[PDB]
Amino acid sequence: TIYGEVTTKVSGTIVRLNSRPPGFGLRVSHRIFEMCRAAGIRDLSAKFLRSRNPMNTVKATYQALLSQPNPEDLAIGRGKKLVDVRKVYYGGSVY
Amino acid sequence: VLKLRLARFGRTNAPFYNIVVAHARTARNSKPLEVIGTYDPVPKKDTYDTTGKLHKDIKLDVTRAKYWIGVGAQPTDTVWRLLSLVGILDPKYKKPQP
Amino acid sequence: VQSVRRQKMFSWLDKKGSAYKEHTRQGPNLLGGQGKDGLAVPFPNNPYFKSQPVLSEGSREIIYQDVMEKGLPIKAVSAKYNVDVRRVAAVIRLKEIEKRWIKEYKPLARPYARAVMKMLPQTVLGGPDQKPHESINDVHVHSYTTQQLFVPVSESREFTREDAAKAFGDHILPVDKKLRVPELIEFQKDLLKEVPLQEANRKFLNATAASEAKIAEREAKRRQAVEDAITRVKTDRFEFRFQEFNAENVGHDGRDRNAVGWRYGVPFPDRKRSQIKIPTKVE
Amino acid sequence: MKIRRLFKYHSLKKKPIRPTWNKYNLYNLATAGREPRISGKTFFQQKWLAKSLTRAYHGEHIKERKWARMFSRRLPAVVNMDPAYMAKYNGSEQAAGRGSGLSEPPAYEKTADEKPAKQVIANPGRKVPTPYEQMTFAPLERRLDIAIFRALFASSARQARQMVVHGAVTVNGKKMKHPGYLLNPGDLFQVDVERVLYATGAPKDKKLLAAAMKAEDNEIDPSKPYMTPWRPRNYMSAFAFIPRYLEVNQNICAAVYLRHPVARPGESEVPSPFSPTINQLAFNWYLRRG
Amino acid sequence: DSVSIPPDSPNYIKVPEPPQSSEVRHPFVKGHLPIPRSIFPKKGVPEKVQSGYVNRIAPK
Amino acid sequence: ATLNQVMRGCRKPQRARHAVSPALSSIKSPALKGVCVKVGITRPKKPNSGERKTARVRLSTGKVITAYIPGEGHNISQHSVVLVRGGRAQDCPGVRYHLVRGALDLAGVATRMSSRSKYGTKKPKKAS
RNA sequence: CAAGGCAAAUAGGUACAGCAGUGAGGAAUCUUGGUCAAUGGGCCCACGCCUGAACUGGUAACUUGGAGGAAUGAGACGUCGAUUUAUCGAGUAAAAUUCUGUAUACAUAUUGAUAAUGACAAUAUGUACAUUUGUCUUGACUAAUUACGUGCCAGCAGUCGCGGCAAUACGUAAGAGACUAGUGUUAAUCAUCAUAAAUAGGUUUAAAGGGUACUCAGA
RNA sequence: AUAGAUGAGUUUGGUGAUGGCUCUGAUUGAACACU
Ligand SMILES: [K+]
Ligand SMILES: [K+]
Ligand SMILES: [Mg+2]
Ligand SMILES: [Mg+2]
Ligand SMILES: [Mg+2]
Ligand SMILES: [Mg+2]
Ligand SMILES: [Mg+2]
Ligand SMILES: [Mg+2]
Ligand SMILES: [Mg+2]
Ligand SMILES: [Mg+2]
Ligand SMILES: [Mg+2]
Ligand SMILES: [Mg+2]
Ligand SMILES: [Mg+2]
Ligand SMILES: [Mg+2]
Ligand SMILES: [Mg+2]
Ligand SMILES: [Mg+2]
Ligand SMILES: [Mg+2]
Ligand SMILES: [Mg+2]
Ligand SMILES: [Mg+2]
Ligand SMILES: [Mg+2]
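Residues numbered from 1 in each chain as written, not as in the entry; some residues may be left out. Chains lettered and ligands numbered in written order. Part of a larger assembly, values for the part shown. Heavy atoms only, no water.

Looking up chain F in the PDB entry gives the name Mitochondrial 30S ribosomal protein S12, with the organism given as Neurospora crassa OR74A. UniProt's Subcellular location comment on chain F is quoted here verbatim: "Mitochondrion". Chain F has a UniProt comment under Sequence similarities that states "Belongs to the universal ribosomal protein uS12 family." (UniProt positions renumbered as here; feature names shortened; annotations may be inferred.)

Chain E has the name mS26 in the PDB entry, where Neurospora crassa OR74A is given as its organism.

If you want it as structure tokens, here you go:
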């Protein structure tokens, strides 16, 4: 899944992507599904807030997957740890 | 006239009675004052029991029923018998020995 | 005359698929064959599903004798042979039924048993143990623990599993308390303190054995406390069982799942779709 | 009444995979395509294709309407946790650094280094992905008739339902005539010995027994349904596999439903002759049946 | 205690499950029951539970 | 809009949309019986060309609507009790209803083999 | 007590929105049954009487749940459909054989109830029987194809649309896709619709800033 | 109660917007047609 939530706007087409827990599946549209299935994502929940232009929809959601918040940059910026509770609890990353 | 009686609930050929405390002149299945317990007429059989015995499941709140009986509640014939078995009241009918 | 499709079928079924007519070799003979981890794959297109091994006939007896004759705790037998407590208990139940059949002079399915056991991979326990039968520490993935939470904490904080459980929820426990054999952790802590292995196993047995006593005690008190509320009044024909209960525990608005009585104000739901009208459990 | 959907059950043209040990089914499963081409097809066309393939095997004798409600979006899973790591470490090292963990050098720098870096501290095998996609038809494994077919007691799901409907199985030592009984963890279903021998036994050819009445060990009996001496079905070894959520006893033809099928990090306990790509598409179909 | 538990029932060998190992979602139960009455008040010790109260309202 | 303007009732229901078959949608009825008043031919509009088989019907309620006769050839005339169902002839202005063909007096197509249910045609019974 | 309807005549009853039932209206909704055995109620010292509530039987696919058959079946070395007479299909399909005894039928027992009373049925056990397909769709949305006929005609159509002489869309034929004792259509409701937006919208050029700002109430 | 949030067709020579209509899902104390 992706990191957190992203919202990208491309000339009237807004796409909101959320990171869902494991076993949620690609409960997304047909165009987003092809991209998630191809990039390697398996759990996501998208939404077209304003417009559903086929082209801009693909440009906005592709630009959203490249704008995910980097937990390590946010940590060094705030001087605070951003610990993934899921990893500490299970003593590793459960893929 | 407060009465301890049975409200019949269930489907066709599947009776399931509900012990209630309701005024005499009221609908049988109307919402009563209290629901003391439930009664199941059809006798059951222990799961892993081949002897052939049978029992009847009755969930009754003895403590609550006793209070109502002490203030003048009149249980019906069917409920009176059930209370007799528990020992709250004396039997209303007895088998003739002669 | 056979069509080409049928003709090709018998062509494949005569040379390539002939090895599946009779089972000559012992062990799985599936289509996928041996995988990367040495497990037969029944369906080639699906590599994840594998033909996992089954306890051999002689293995089931070893587990049965240990629990019954030696009276060892189930947790210890599970940890010893790396068999799940739920499976160890089942083998005993199934074995007890066998004793009944043999005691009642019933014919067993020996011809069928031997034939099927040669088609499934087996794990003979005892001396020649190569791998553990299965994982005895699997912990259910709780729904709360599946969320993606990045908690901002101090740069030098020692975030532990205890703190992780509290971040997921308030009532959640760490994975150290969800194990089916939690005594293993305590046993492994003795090895870190350079404790002799012999004494480490001694403490393990006592710990598990002591744990089974508590479980039995709780179960005993429960069943004994459930029969104290039931009044059995034998009669001419049947035996009436009057169960007691607090008739005031109907919640604050009358709606409560664990209440006793037929609810008022509900129409029969027989007409709704997917209405379960079958027994849900056999006691 | 044979319905129009069963007109072509093992057709070689359509090449469907069915839950049975029929030799025709074995040929279809063996020679099935490696990967159906789904590039040109649209999203609906892909989902519809996956639905047809998977539904030809999973619960084929269950009305589409019923299974649509039975499909659960709750895919259970477990995680293995060894006690060794629990004792030594308390999960503090997994947060060192910036929260995600102490970074390690890239793969292209390590090969140049003569000595490999120290291994990262974590549970053994804690990076493999868990196959959630291959768990869609898990609720069907709880059916009493499917569970019997997975215990190698019947030759197919259809035949496994016959035994239940005809009063041959007994759950927890009690007759169970309902093929839809959803087994609970701990239940013990036991099939009659005779029905299991006939199902898995070889066909009784009257011609083969003609030369047998004249010419451990079991004697030949000409008054039994299966062929004597009993022998396994011709093509039973290609489907001989027991799932991990069952503990069968061949002798008494009884099994225990230990738990529900669960997905572990590296495998799945749901028999399915379909790749994750197909199950993933099928799962999407039943989210909104479109 | 009527009859010993046979090896068929699941209660032959009790293996308690670990805490938080299942997520069964119970369905909402339709209907309600009448709320029994509060015989006593919410504060103070009522006169009905004194030494002699049944001998004063139900004398022999 | 501000929270104050919403207390004063600024959120009114959207303007209703006219239904396809008002006569039926009004009283929530799936069909209505009516006495045929006229059996005629209506002409399509800009794109389409042909001759549709409409019929002026007087419903039980009292309204006089113009229905449409689906199929090839009909059996209705003046003063024919016919059953009217919803629908609309897209290319015929003023025609917003259909007529059930297995209805009281309107007979289904006798030479129909495909989609008989839609035209009220009993099975041929060739062998039976 | 008054009025009208039916009945009534020198009388002064009746209104089935009590149960069953009839006519009418309508697209459309049931038996003029049995019993007070069970539960409840009225009267009664007691026994007991009464109960169209109620419990039971009947009618309807209106809905839901379940059954409605599984395994074997290759050389009848046949039949059919196409057509590249040898390719592609009907086809493991059929026949045939080997088993089961599901709904249901019958029989026995128990039980609904006990002080005693059983209208009617439920459950368990035993034996016995292998019984129908129907329907929509097939240009795209939307899973699934050719041939012929028709020639902006006849017709299809939820939306965009199709049909003017070699129509994948109309009508037949075959095939295919799909649901199934149901399948479609019509009507309605929620959702789709952030499509009256409190959560949660918008108003330069697209629906929408009052001609203006001093100001009571009110924010 | 922590898995629950999804789109498609149609305006234009064409593109991006605005904005309705319709389909995709579920259902009925339903009726009708073919069974
Ligand atoms: K257009
Ligand atoms: K103006
Ligand atoms: Mg828009
Ligand atoms: Mg138009
Ligand atoms: Mg056809
Ligand atoms: Mg009247
Ligand atoms: Mg009436
Ligand atoms: Mg009429
Ligand atoms: Mg009575
Ligand atoms: Mg009475
Ligand atoms: Mg009396
Ligand atoms: Mg029977
Ligand atoms: Mg009487
Ligand atoms: Mg298509
Ligand atoms: Mg048509
Ligand atoms: Mg056509
Ligand atoms: Mg049905
Ligand atoms: Mg202005
Ligand atoms: Mg003005
Ligand atoms: Mg222009």
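Structure shown, so let's carry the discussion forward.
Caption draft 1: Spatial organisation of the overall build of chain E. On a plain count of helices and strands, chain E comes out with 1 helix and 0 strands. In terms of overall dimensions, chain E is more spread out than a globule: its C-alpha atoms have a radius of gyration of 25 Å, far above the 10 Å expected for 60 residues. Dimensions of chain E, computed from the C-alpha atoms along their principal axes, are close to 60 × 35 × 25 Å. In chain E, which comprises 60 residues, the proportion classed as buried is 22%. Surface summary for chain E: the accessible area is close to 4,700 Å², and the carbon and sulfur share equals 55%. Separation between the mean location of the 9 positive side-chain charges and that of the 5 negative ones in chain E comes to 22 Å. (Helix = DSSP H or I, 4+ residues; strand = E, 2+ residues; numbered from the N terminus. Rg over C-alpha atoms; globule rule 2.2 N^0.38 Å. Buried < 20%, exposed > 50% of the residue type's maximum accessible area, 1.4 Å probe, protein only. Areas by Shrake-Rupley, 256 points an atom, 1.4 Å probe, with all protein chains shown as cover. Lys, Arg positive; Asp, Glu negative; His and termini not counted. Charge placed at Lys NZ, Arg CZ, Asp CG, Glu CD.)

Caption draft 2: Expanded view of the overall build of chain F. Secondary structure summary: chain F contains 3 helices and 5 strands in total. Order of helices (α) and strands (β) in chain F, N terminus to C terminus: α-α-β-β-β-β-β-α. The C-alpha atoms of chain F give 20 Å as radius of gyration, which overshoots the globular expectation for 128 residues (14 Å, by more than 25%). In terms of overall dimensions, chain F has a C-alpha envelope of 75 × 35 × 30 Å along the principal axes.

Caption draft 3: Inspection of the protein's contact with RNA strand G at higher detail. Around RNA strand G there are 115 residues in total, and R81 of chain B, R271 of chain C, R161 of chain D together with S115 and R116 of chain F lie nearest to it. Sugar and phosphate atoms form 71% of the subset of RNA strand G atoms that lie within 4 Å of the protein. One of the side-chain nitrogen or oxygen atoms of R52 of chain A is found 3.0 Å away from a phosphate oxygen of RNA strand G. In the model, a phosphate oxygen of RNA strand G is placed 3.1 Å from a nitrogen or oxygen of the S274 of chain C main chain. Along the lines of polarity and charge, the residues of the surface near RNA strand G split into 33 nonpolar, 33 polar and 49 charged. (Near = heavy atom within 4 Å. Polar contact = N/O pair within 3.5 Å; in protein donor to acceptor, adjacent residues only side chain to side chain. Nonpolar A, V, L, I, M, F, W, Y, C, P; charged D, E, K, R; others polar.)

Caption draft 4: Expanded view of the interface of chain A and chain D. Taken together, the contact between chain A and chain D spans 28 residues of the former and 33 residues of the latter. Together, the buried faces of chain A and chain D total about 2,600 Å²; carbon and sulfur atoms form 54% of this surface. The largest per-residue losses of area from chain A upon contact with chain D belong to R27, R42 and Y95 of chain A, which jointly make up 20% of the total buried on that side. On the surface where chain A and chain D come into contact, there are 2 salt bridges. (Contact = heavy atoms within 4.5 Å. Buried area = accessible area lost by both parts, 1.4 Å probe. Salt bridge = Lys/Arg side-chain N within 4 Å of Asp/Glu carboxyl O.)

Caption draft 5: Highlighting the nonpolar core. If you look at the biggest cluster of nonpolar residues, it comprises 132 residues, and the most contacted ones within it are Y112 of chain C together with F153 and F189 of chain D. Top contributing element to this core by residue count: helix 10 (residues 276-288) of chain D, with 7 residues. Filtering out sequence-adjacent residues up to four positions away, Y112 of chain C remains in contact with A151, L152, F153, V196, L197, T200, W230, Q250 and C253 of chain D. Counting 23 residues, the second largest nonpolar core, distinct from the first, contains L55, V77, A79 and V83 of chain C. (Core = buried A, V, L, I, M, F, W, Y, C linked by side-chain atoms within 4.5 Å.)

Caption draft 6: Quick look at the pairing of strand 2 (residues 14-23) of chain B. Residues and elements named next belong to chain B. Relative to strand 2, strand 1 (residues 2-11) is paired through 10 bridges, and the arrangement is antiparallel. From the neighbouring strand, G10 faces strand 2, where its bridge partner is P15. In sequence, strand 1 turns back onto strand 2 through a hairpin of 2 residues, with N13 there showing a positive phi of about 65°. Both strand 2 and strand 3 (residues 34-39) contribute to a ladder of 4 bridges, which runs antiparallel. Residue pairing across strands places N18 opposite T38, the latter belonging to strand 3. (Pairing = 2+ DSSP bridges.)

Caption draft 7: Region of interest: the arrangement of the chains. Where 8 pairs of chains are in contact, the pair with the most contacts is made of chains C and D. Regarding chain A and chain E, the two do not touch, and the least distance separating their C-alpha atoms is 15 Å. One finds no contact linking chain E with chain F; the least C-alpha distance across the pair is 30 Å.

Caption draft 8: Here's a closer look at the interface of chain C and chain D. The partner chain D presents 92 residues to the 76 residues of chain C that form the contact. Here chain C and chain D share an interface that buries about 7,900 Å² over both sides, 61% of which is from carbon and sulfur atoms. Counting the surface chain C buries against chain D, the share from its top three residues, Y48, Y112 and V282 of chain C, is 10%. Linking chain C to chain D there are 3 salt bridges. The interface formed by chain C and chain D includes 25 residue pairs in polar contact. Of all the elements in the fold, those that place two or more residues in the side of chain C that touches chain D are helix 1 (4-15), helix 4 (85-103), helix 5 (110-117), strand 3 (139-140) and helix 7 (183-192) of chain C. When residues of the side of chain C that touches chain D are assigned to their parent elements, the largest contribution, 9 residues, is made by helix 4 of chain C. When grouped by side-chain class, the residues that make up the side of chain C that touches chain D number 40 nonpolar, 14 polar and 22 charged. Bridge count for strand 3 of chain C against strand 1 (residues 78-79) of chain D is 2 bridges, and the pairing is antiparallel. Opposite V139 of chain C, over in strand 1 of chain D, you have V79 of chain D as the bridge partner.

Caption draft 9: Summary view of a nonpolar patch on the surface. Where nonpolar side chains cluster on the molecular surface, the patch consists of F40, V45 and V49 of chain E and spans about 290 Å² of accessible area. As for its position among the elements, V45 of chain E is in the segment before helix 1 (54-57). (Patch = residues over 30% accessible without salt bridge, like charges linked within 9 Å, V, L, I, M, F, W, Y side chains within 5 Å.)

Caption draft 10: Looking closely at the pairing of strand 5 (residues 230-234) of chain C. Residue and element names in this part refer to chain C. In the sheet, strand 5 pairs with strand 6 (residues 239-243) via 5 bridges, with the strands oriented antiparallel. Its bridge partner lying in strand 6, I230 is registered against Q243. Counted along the chain from strand 5 to the antiparallel partner strand 6, the turn is 4 residues long.

Caption draft 11: Examining the packing of helix 2 (residues 57-68) of chain C against helix 3 (residues 74-81) of chain C more closely. Residue and element names in this part refer to chain C. Look at helix 2 against helix 3: their axes get within 10 Å of each other, and the N-to-C directions meet at 145°. As for the relative orientation of helix 2 and helix 3, their crossing is right-handed in sense. On helix 3, the residues that touch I62, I63, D66 and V67 of helix 2 are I74, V77 and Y81. (Axes fitted to C-alpha atoms, helices over the stretch in contact; angles between N-to-C directions. Left-handed = near helix turned anticlockwise from the far one by under 90°.)

Caption draft 12: Representation of the packing of aromatic side chains in the model. In this structure the tally under the stated criterion is 29 aromatic pairs over all chains. Relative to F168 of chain C, the ring of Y89 of chain A has its centre 5.8 Å away and its plane inclined at 90°; by these criteria the two rings are edge-to-face. Placement of the pair is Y89 of chain A in helix 4 (residues 85-90) and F168 of chain C in helix 6 (residues 161-168), with the two residues belonging to separate chains. Note on accessibility: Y89 of chain A and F168 of chain C belong to one class, buried. Judged by centre distance (6.1 Å) and plane angle (15°), the ring pair of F240 of chain C and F242 of chain C falls under stacked. The pair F240 of chain C / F242 of chain C is uniform in exposure class, with both members buried. Linked through ring pairs, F9 and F16 of chain B together with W262, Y264 and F268 of chain C together constitute an aromatic cluster. Between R20 of chain A and the ring centre of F24 of chain A, over which it is positioned, the NZ or CZ distance is 5.7 Å. For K15 of chain D, the ring lying beneath its charged end belongs to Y27 of chain D, and the centroid distance is 5.4 Å. (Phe/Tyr/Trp six-rings, centres within 6.5 Å; stacked < 30°, edge-to-face > 60°. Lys NZ or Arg CZ within 6 Å of the ring centre and 35° of its normal.)

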